[PDB]
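Let's start with one chain on its own, the form deposited in one PDB entry, as structure tokens.
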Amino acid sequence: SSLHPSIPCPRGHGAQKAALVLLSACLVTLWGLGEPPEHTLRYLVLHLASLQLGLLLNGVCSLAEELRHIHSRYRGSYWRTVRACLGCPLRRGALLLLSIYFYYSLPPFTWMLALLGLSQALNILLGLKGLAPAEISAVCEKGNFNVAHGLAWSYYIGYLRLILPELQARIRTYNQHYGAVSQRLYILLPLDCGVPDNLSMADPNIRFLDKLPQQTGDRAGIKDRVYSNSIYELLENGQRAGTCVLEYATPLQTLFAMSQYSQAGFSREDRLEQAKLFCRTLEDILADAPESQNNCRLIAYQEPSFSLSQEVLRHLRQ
């Protein structure tokens, strides 16, 4: 992540390497103990069979709830609800048959099944099926179950994908009509999600200069919708050092406000996590987007003193 050092990189395969090391150590331990290998295989298979039976029972319990949402969430198809509860029905059925056979055959089935059902019911009722924070985070960032992903794609599809192409023309028109504003959009990404409405409050050096020729278009039934873009001057030691089209990333305001509202269910640590994820997703979207053919420069910063003017000027002078 070239944006900021504090942006987490995507999760790799460290867990798999640790699992391989664990498997090697366990095999070495089994070899050293010198117990009958047939017993090792028998007990491993019996353990996996018990896990499969527990999965079946937990899936039936989940089905008891999911069947209430058949007509709305699952389009009135019982097979779809069963697939949502117990994974692929065919594979799960095959594994369940194998588990039943090998548990009934290998050296009381009904009593062990009763105990297993009791254990699963206890796990469900006491709410012990809660995944660890790291596991939930990995699941969410692998399936794109974040608010930051949706916010970044909203900010790209709705604003950047419609503004970046014509920004060069608007800048050219402004330059001819009147002060050599840089030919790029400088988006500020405060990782603390503190986005003031007027930049001059953020830093005394930043000062409004003038607006750009407005852009117009039809959007979702609201026609003549207009996109403005203010021009600011980077005031250094009293004398202008640069001018650019500065603008905060508005989804960060939504993140902050969501963090502030109780009904949102958004915590302040969730705020930092999702702000960093938004900054990381926007970078990828722009890197793969043809519209950003050297058109914008995402600026991300953390407030520990600090001057936004210096940050923007550093990213500009380069």
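Residue numbers run from 1 along the displayed sequence. In this text, rigid core is short for the largest set of C-alphas that superpose within 1.5 Å between two forms.
This next part talks about the form deposited in another entry, which is not shown.
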(request) Determine, with the core as the superposition reference, the one member of 154, 200, 168, 119 that shifts its CA by 2 Å or more between this form and the one not shown. (result) 119
(message) Quick check: residue 257 between this form and the one not shown - does its CA shift reach 2 Å or more after fitting the rigid core?
(response) no
(message) How about residue 287 - superposed on the rigid core, does its CA move between this form and the one not shown by 2 Å or more?
(response) no
(message) Rigid core superposed, CA of residue 141 - does it shift 2 Å or more between this form and the one not shown?
(response) yes
(message) Since the Cα-Cα distance for residue 73 and residue 274 shifts by 3 angstroms or more in the other entry, is it a contraction (closer) or an expansion (farther)?
(response) closer
(message) Can you confirm the direction of the Cα distance change for residue 261 and residue 145 in the other entry, closer or farther than in this form, given it is 3 Å or more?
(response) closer
